[PDB]
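Working through the structure, step by step
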Protein chains: 4
Amino acid sequence: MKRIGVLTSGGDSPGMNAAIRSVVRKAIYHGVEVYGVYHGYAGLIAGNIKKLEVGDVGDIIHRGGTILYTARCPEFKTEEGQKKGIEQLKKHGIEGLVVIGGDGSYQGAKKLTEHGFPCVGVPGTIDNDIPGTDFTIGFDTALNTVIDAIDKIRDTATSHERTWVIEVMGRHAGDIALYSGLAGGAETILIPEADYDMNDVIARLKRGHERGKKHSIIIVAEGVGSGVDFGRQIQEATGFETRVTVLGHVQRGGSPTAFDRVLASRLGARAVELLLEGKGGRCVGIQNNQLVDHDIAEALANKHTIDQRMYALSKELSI
Amino acid sequence: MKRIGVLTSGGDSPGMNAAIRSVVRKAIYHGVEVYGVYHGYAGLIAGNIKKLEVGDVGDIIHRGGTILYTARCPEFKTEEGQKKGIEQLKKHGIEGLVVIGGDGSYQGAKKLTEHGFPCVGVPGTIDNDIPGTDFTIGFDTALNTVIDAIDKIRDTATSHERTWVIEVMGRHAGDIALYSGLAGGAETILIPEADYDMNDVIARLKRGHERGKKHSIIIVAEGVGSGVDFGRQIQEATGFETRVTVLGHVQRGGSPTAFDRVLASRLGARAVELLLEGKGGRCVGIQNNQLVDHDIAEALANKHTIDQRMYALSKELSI
Amino acid sequence: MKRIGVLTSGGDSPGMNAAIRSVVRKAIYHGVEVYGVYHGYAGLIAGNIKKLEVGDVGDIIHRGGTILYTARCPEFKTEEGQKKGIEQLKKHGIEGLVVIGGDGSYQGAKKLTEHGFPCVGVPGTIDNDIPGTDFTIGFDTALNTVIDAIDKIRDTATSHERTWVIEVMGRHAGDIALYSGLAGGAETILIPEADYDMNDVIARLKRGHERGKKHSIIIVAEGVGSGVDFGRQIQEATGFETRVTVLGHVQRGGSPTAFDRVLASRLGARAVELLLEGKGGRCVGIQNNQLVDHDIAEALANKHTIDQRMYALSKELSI
Amino acid sequence: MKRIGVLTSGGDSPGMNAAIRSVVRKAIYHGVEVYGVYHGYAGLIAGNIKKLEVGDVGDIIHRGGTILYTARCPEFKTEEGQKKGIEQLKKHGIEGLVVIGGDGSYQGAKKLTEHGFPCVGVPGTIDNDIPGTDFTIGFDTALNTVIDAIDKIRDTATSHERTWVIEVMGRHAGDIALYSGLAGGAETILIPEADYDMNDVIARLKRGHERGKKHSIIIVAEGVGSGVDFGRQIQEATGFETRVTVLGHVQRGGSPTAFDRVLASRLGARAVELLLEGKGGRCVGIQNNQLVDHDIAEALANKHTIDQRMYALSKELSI
Ligand SMILES: O=P(O)(O)OC[C@H]1O[C@](O)(CO)[C@@H](O)[C@@H]1O
Ligand SMILES: O=P(O)(O)OC[C@H]1O[C@](O)(CO)[C@@H](O)[C@@H]1O
Ligand SMILES: O=P(O)(O)OC[C@H]1O[C@](O)(CO)[C@@H](O)[C@@H]1O
Ligand SMILES: O=P(O)(O)OC[C@H]1O[C@](O)(CO)[C@@H](O)[C@@H]1O
């Protein structure tokens, strides 16, 4: 290919920029031009495409968000829509396209491909739940943002011997919850992937109470409910003072950590490769510490599961 | 003196441990024994006191919160209950008490003195609302956890061209906001110290939209309502995709920044200084960049304010 | 005043931006086109002056360094160059100027006022060695970067019961060293503004090591010597395991801390007000929590000096 | 088994405590009571033991260093010492043992075993230079600590157009330097695992300084020489002012990132499981995101290497 493109759709996440720079340079290294697609798919259809000069991506490897922006486009859900984009692409000479974002980005990746247009997806989401990859760009950066709050909230959670409930993110996934909570010495972690009996969860609270430790920290994935509620439920069931904190989009910003800047660069570059190599309709990820690339279709077919043994661990490591 | 105790009442802030250490150290440097009145005034009644050794308050200078704990206590706001207070101090041979906390702690220091117990107060609250001190221990730290969150949020707020409403603490004061907002370059800071107007805001909030900047950050001093409400408000009035984030208690925990460590050590050291110099019914606080002494009563009679000129600058600079 | 300029000369410092931002924004608020001279006075000669828009300075309030770039240039010390300087100044129609940077620039700020051209200076530097202000842009940020490192070191030093000697910057000034350790928890702070007897330093580390603390953090202001040397002299006299760590320009960068961003804003805005209020040859700064402004003359006549009362403190809380 | 011991030998790293934590909790949860051996093998020999109460490992899962302490100890390399230890252990009813640390401690791990003693390894070191694992407790934290420093240096390096050299640790391994550079975006990384023509290097820099790449950052693993040398050496041949910073031991301290807490917890209790699951003379680790365990012997017999692909990747993403 002579020139390819890059766009980021879905919720932004820390590291996408790394991935952007990776893609841009790695491409520029093989003497390929990279055009930037602004405002995710929406801009694709709108025809928002500016040539990305090597100058543009240097100096942002350490930045949160996406210099390319990312919107939500409904039009890009219909033939007539995808087509109007597949043309705007050709309009500028573009021959392939790199997509960085959530699983919704893949839907387009696939369709766009089913129309005879080379598209690879790079997993970029703090939720850590795109299939075909153990981690996603932004996960370590969110997990670290969270455990960092769990640490600050633990200082004061101890000071007033209060019981705490942090509300994380990762929608229908318990990853930012599990990994995080474990990482924080969370007395209990509530995630989708596994069942929890709110009664027992309140029994141990009373138990671990007698044991001397009056401050407890409950980590709840927003996927299984709402901290706010769980808060009141615990305060009334027990009697222990209680506060509730919903971190928020803070789990979406900030400069990315080591692991995410690397992963972003390795995957981002591993995408430019699959295109120039002819392959299309592929998604790049990392499994068992190894760069893998799958079929967006057979890839989405799978489910997102967590390591139950970890949820288990976190249970035995807090009594 | 011979023996002097220390306690932390009210909401814990970053820098108390620092101030504690500075007391436990400054006093020992004068052969004065100290004591920990644990769990705020709750212990001063319960008799939860202990001896503090220089090896105890050492290595805790960087820790958020208070080792001595804190908790509310109504029995003390009375008299019949505060009588067991002076006694739990007598029986132990304590002569002077160093109080660290909010405007509410000062009370248990204004009454104890008017009872024959030298008491000194040390501003330890993130709100920055204590009278008789430009800055209270914890402020700069909290004030920093806030801007460190504004920075992650502007990330995801810039990538999605969204409008934001940040809910910052500080109860009835607008310091944690006016400052952070200004620091984090917000487009609008709403504090109880100044009359705003959603009509004037939504007017400027829009001009900036069409002008060029499609994302805005709105810091709201939790003392003017809720963010959620302004969120849903900004939303309905503009159609603008909006989100709200309530940082919350994270602003209370964390490792104190440099400025609180230095202040918590200077104030806990100027406080102990008085419990020796004799006068024991005062409270310390850095005023005009100088350590000053104040009559717990002649100071608490004052009202905390903000630098209008500073708020007026947030107006000019942000537009 | 209808079109002022803004350049930065000297070592960059986390904050210079919050200020450039503040300068421009403020200026525009008053209808005064703002141009930026790149690479300090050096560029002023070259005529490296470009117009600045409110957009240019949008989203840099939280970045370190100076987007305006900085650089040395002896030229501007010889009036032959100063002559070439006023040239580029009126060549582009620049009436007034705002110098951000170390004191090495102040000199050039005064001179320009003599050639009949406005010139206000903004104290920007991590050393905190500019007369006329208690704090300079970059101090608190740098002052922080350090303590973050002492916290880190303290861990590795503790587990290995080792004696350490960190080396902070600040030229001939001791500020960075002083506030660092004090908040850092150092046992010794060697600064230029105070005398020390290495014999005493050993006498302490050798007495403390005999007691409970089997590790210490010796902060050494780069201005008095080199940590690599005291680290040698110390591991010789005491025979204690020792390591020396020299914090580099990691102190020169980072993202301005709360206190810093604000100060920069305040000092930068007030910088524009002066130029317009017809003043000149002055220089803003903060003294006694008040926004002051002196003449670049009567100021430099004064001399920067740490607060001994704090050093003696740094010594007392140690023992 | 009813009683086991845990010890930290070798250079401390962030996460060791978190790892201690699980080895203590996982034990308690299984009835086994765990005795903590302070000061590594040196402490074993001296008989420094103490029962680890469940409340001891409480609130340390976010701390650096090792609550246990570490030291180097030749006496254990001799036959006289290994016998002194087998004796001290069997004196306090110790049946198995937990050893966390570098490849050094692994030795004694394998020793104690031959002398009939169940010991399990746990990769603890920021070097990531230990065999039988893709990662070691500390790598990640040191990895960010490095990239955070590179982000600051990039600021001043940029403001002044300075070519920079950063000397990172890792003894003989190039892991820290590889990932750091790759993730900090170093224009050139130098390591022990791959040759480098210090000529080509210069050549590239000489080409960038012309292509607006007026500033670069070189990462030198310490096991490839001193950055101070390469520093002056680059300045000499090119002429661009250069600066060198040796992060020193700030790479060893500070609180551990999310990952390291997850890995340590996972590994610790995984070691504990082996002591009970009747194993021994083995070492746990994480290869290909799988908690596998190996024999301390055949494992140490193996060698450590880096991923050439990354280095190559690091050379393309930089020009
Ligand atoms: O406000 P938004 O943009 O819809 O994002 C909320 C959701 O998106 C994410 O931020 C990313 O998927 C999730 O963590 C969360 O459930
Ligand atoms: O949950 P609590 O105990 O009311 O504490 C939160 C409140 O207290 C403070 O932390 C201190 O006054 C405020 O900032 C805040 O409004
Ligand atoms: O980065 P340079 O140009 O070598 O200068 C180092 C000196 O400049 C400063 O960064 C600022 O004065 C000092 O801290 C230090 O002594
Ligand atoms: O001065 P020390 O404590 O021996 O440490 C230097 C070596 O130890 C480590 O800190 C840990 O192995 C390495 O980074 C380095 O090679």
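Residues numbered from 1 in each chain as written, not as in the entry; some residues may be left out. Chains lettered and ligands numbered in written order. Heavy atoms only, no water.

X-ray crystallography is the method the PDB entry lists for this structure, together with a resolution of 3.20 Å.

Moving on: the side chain of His62 of chain D. Residue placement: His62 of chain D occurs in the loop between β3 (49–51) and α3 (79–89). Owing to a relative accessible area of 17%, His62 of chain D belongs among the buried residues under this scheme. (Helix = DSSP H or I, 4+ residues; strand = E, 2+ residues; numbered from the N terminus. Buried < 20%, exposed > 50% of the residue type's maximum accessible area, 1.4 Å probe, protein only.)

Around ligand 2, a shell composed of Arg162 and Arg243 of chain A together with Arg72, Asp127, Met169, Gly170, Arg171, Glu222, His249 and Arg252 of chain B is seen. Site remark: ligand 2 is flanked by residues from chains A and B. For ligand 2, an oxygen atom lies 2.6 Å from a polar atom in the side chain of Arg243 of chain A. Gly170 of chain B places a main-chain nitrogen or oxygen 3.2 Å from an oxygen atom of ligand 2. When ligand 2 sits alone it has 390 Å² of accessible area, and the protein chains cover 79% of it. Grouping the amino acids of the shell around ligand 2 by side-chain chemistry returns 1 nonpolar, 2 polar and 7 charged. (Near = heavy atom within 4 Å. Polar contact = N/O pair within 3.5 Å; in protein donor to acceptor, adjacent residues only side chain to side chain. Areas by Shrake-Rupley, 256 points an atom, 1.4 Å probe, with all protein chains shown as cover. Nonpolar A, V, L, I, M, F, W, Y, C, P; charged D, E, K, R; others polar.)

It is worth spelling out the site of ligand 3 at this point. As a structural note, the neighbourhood of ligand 3 is formed by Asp127, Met169, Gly170, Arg171, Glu222, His249 and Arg252 of chain C together with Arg162 and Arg243 of chain D. Chain contributions to the surroundings of ligand 3 come from chains C and D. One nitrogen or oxygen atom from the side chain of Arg162 of chain D is found 2.7 Å from an oxygen atom belonging to ligand 3. About the coverage of ligand 3: the protein hides 78% of its 400 Å² of free accessible area. Of the residues in the shell around ligand 3, the class split is 1 nonpolar, 2 polar and 6 charged.

Residue and element names in this part refer to chain D. Burial analysis of strand β9 (residues 217–221) places 5 of its 5 residues in the buried class, which makes it a mostly covered element. Bridging between strand β7 (residues 163–168) and β9 involves 5 bridges; their strand directions are parallel. Bridging from a neighbouring strand, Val165 pairs with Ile218 of β9. When strand β8 (residues 188–190) meets β9, the two strands line up parallel, connected through 3 bridges. Looking at the pairing, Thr188 lines up with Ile218 of β9. (Pairing = 2+ DSSP bridges.)

Glancing now at the sheet that holds strand β4 (residues 96–101) of chain B. Residue and element names in this part refer to chain B. Overall, mixed pairing links the 7 strands, which are arranged β3-β2-β1-β4-β5-β10-β11 in an open sheet. Edge strands, defined here as strands with exactly one partner in the open sheet, are β3 (49–51) and β11 (290–295). On average, each strand axis in the sheet is inclined to that of its neighbour by 25 degrees, with strand direction left out of account. The pairing of strand β10 (residues 281–287) with β11 spans 6 bridges and is classified as antiparallel. Bridged to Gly285 within β11 is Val292. Here helix α5 (residues 103–113) sits on the sheet in contact with β1 (3–9), β4, β5 (119–123) and β10, set at roughly 165 degrees to β4. (Axes fitted to C-alpha atoms, helices over the stretch in contact; angles between N-to-C directions. Contact = heavy atoms within 4.5 Å.)

Here we come to the interface of chain B and chain C. The interface is formed by 41 residues belonging to chain B together with 42 residues belonging to chain C. Buried area between chain B and chain C, summed over both chains or domains, comes out near 3500 Å², and the portion from carbon and sulfur atoms is 57%. With a closest N to O distance of 2.7 Å, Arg261 of chain C and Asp151 of chain B form a salt bridge. Looking at the side of chain B that touches chain C, the elements that each hand over two or more residues are α1 (16–28), α6 (139–159), α7 (175–183), α10 (258–277) and α12 (308–317) of chain B. Looking at side-chain class alone, the side of chain B that touches chain C contains 16 nonpolar, 11 polar and 14 charged residues. (Buried area = accessible area lost by both parts, 1.4 Å probe. Salt bridge = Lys/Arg side-chain N within 4 Å of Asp/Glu carboxyl O.)

Residues and elements named next belong to chain A. Domain annotation of chain A identifies domain 1 (1–141 + 256–302) and domain 2 (142–251 + 303–317). Placing the centre of domain 1 and that of domain 2 at their C-alpha centroids yields a distance of 34 Å. Every contact between the two is made by 12 residues of domain 1 and, on the other side, 14 residues of domain 2. Between domain 1 and domain 2, roughly 1100 Å² of surface is buried when both sides are summed, and carbon and sulfur atoms account for 54% of that area. On the domain 1 side of the contact with domain 2, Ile126, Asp127 and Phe139 bury the most area, a combined 43% of that side's loss. Scanning the region where domain 1 abuts domain 2 turns up 0 salt bridges. Seen at the junction of domain 1 and domain 2, the total is 9 residue pairs in polar contact. Sorting elements by how many residues they give to the side of domain 1 that touches domain 2 places helix α6 (residues 139–159) first, with 3 residues. (Domains from an automatic or database assignment.)

Right, let's talk about the packing of helix α7 (residues 198–208) of chain C against helix α8 (residues 227–237) of chain C for a bit. Residues and elements named next belong to chain C. The interhelical angle for the contact between α7 and α8, taken along N-to-C directions, is 55 degrees, at an axis separation of 11 Å. In terms of orientation, α7 lies oblique with respect to α8. The crossing of α7 and α8 is right-handed. Along its contact with α7, which presents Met198, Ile202, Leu205 and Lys206, the element α8 presents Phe230, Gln233, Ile234 and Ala237. Residue classes in the contact of α7 with α8 are distributed as 6 nonpolar, 1 polar and 1 charged. (Parallel < 35°, antiparallel > 145°, perpendicular 65-115°, else oblique. Left-handed = near helix turned anticlockwise from the far one by under 90°.)

All right, on to the sheet that holds β7 of chain D then. Residue and element names in this part refer to chain D. Taken together, 4 strands build an open sheet; the order of strands is β8-β9-β7-β10 and the sheet is parallel. Only two strands of the sheet have a single partner each, and these edge strands are β8 and β10 (242–246). Put simply, the sheet's adjacent strands are angled 15 degrees from each other on average, direction ignored. In the sheet, β7 pairs with β10 via 5 bridges, with the strands oriented parallel. Looking at the pairing, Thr163 lines up with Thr242 of β10. Relative to β7, helix α5 (residues 139–159) is tilted by about 160 degrees, and along the sheet it contacts β7, β9 and β10.

What follows covers the packing of aromatic side chains. Within the structure shown, the criterion is met by 23 aromatic pairs over all chains. With 6.2 Å between their ring centres and 45 degrees between their planes, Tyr196 of chain C and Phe230 of chain C make a pair best called tilted. Of this pair, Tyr196 of chain C sits in the loop between β7 (188–190) and α7 while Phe230 of chain C sits in helix α8, and the two are 34 residues apart along the sequence. The class for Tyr196 of chain C is partly exposed, based on a relative accessible area of 35%. For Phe230 of chain C, a relative accessible area of 5% translates into the label buried. Here the aromatic residues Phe135 and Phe259 of chain B together with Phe135, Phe139, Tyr179 and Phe259 of chain C are joined through ring pairs into a cluster of three or more. It is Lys50 of chain A that lies over the ring of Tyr38 of chain A; its NZ or CZ is 4.3 Å from the centre. One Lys or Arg, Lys26 of chain C, reaches over the ring of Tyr29 of chain C and ends 5.6 Å from the middle of that ring. (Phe/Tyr/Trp six-rings, centres within 6.5 Å; stacked < 30°, edge-to-face > 60°. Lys NZ or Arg CZ within 6 Å of the ring centre and 35° of its normal.)

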